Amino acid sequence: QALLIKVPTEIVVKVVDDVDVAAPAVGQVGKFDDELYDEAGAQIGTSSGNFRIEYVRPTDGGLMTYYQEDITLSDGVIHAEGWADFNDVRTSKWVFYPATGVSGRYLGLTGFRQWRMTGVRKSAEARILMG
């Protein structure tokens, strides 16, 4: 059993944050609510989550940020949390972290939440891959 959910458009509907996107810093935080859409423009879910920039990776200056969210799809909830490099976030590169099925279709499944910013504080593309 493997499943893939493609999310060609994910909209940031509300975000409260103190990130400076041009010069982000350790200790900056954000809280967000998104809406997830399929290839036809139908809404397939929402997400509500938060993040904190925690440390700078010493090898390359990556801005290591801990994300936590609950993704509510029409057929169940998936919790996702883990690490991303905020330099990848702000440069429209893919980021990822583990996801754990909480309810519905996803109970007992585990996998990965992936996304890439396409518009600052407004839009992304995403994939959820579970097994």
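Residue positions are given as counts along the sequence shown, with the first one as 1.
Looking at mean Cα B-factors across 94-102 and 40-48, the upper value is held by 40-48. Averaged over their C-alpha atoms, the temperature factors of 51-59 and 22-30 are higher for 22-30. Ranking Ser74, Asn87, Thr65, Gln68 by the C-alpha B-factor listed in the PDB entry places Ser74 at the top. The deposited CA B-factor of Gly119 belongs to the highest third of values across its chain.
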